[PDB]
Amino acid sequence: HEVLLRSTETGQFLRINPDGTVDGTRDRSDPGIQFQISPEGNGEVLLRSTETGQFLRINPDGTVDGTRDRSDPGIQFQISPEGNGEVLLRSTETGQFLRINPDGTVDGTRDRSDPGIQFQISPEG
């Protein structure tokens, strides 16, 4: 069971690229957009790229990238519904929310009013 993680604002899909960068794209055919949600218990999950095997990570400086280190505390997320199928993706270690910006860049913010922190999660067939 895989999912897509999509910006409510622009419809861009979150992607991890071969070079390790995390960004957004409209390309539904890009192999980097499929994720797997891994339950960590206690309301925590990992978000793993199927293509690269990396777990999404928000770093203390607000940058977002990937890692295969399952012990990295920056890979734990909470999926927090806002209602009607919209969610926030919150980093447990930092409290930052994942943000996809209109220009396709991805980073972390503590601004709950930012349009870019609203995600839809849809199942892949």
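Residue positions are given as counts along the sequence shown, with the first one as 1.
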(request) Name the higher of the two by mean Cα B-factor in the PDB entry, 86-94 versus 68-76. (result) 68-76
(request) Could you check which stretch, 31-39 or 96-104, carries the larger mean CA temperature factor in the entry? (result) 31-39
(message) Comparing recorded Cα B-factors across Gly24, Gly11, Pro18, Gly116, which one is largest?
(response) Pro18
(message) For the chain shown, is the CA B-factor of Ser49 in the lowest, middle or highest third of its modelled residues?
(response) middle
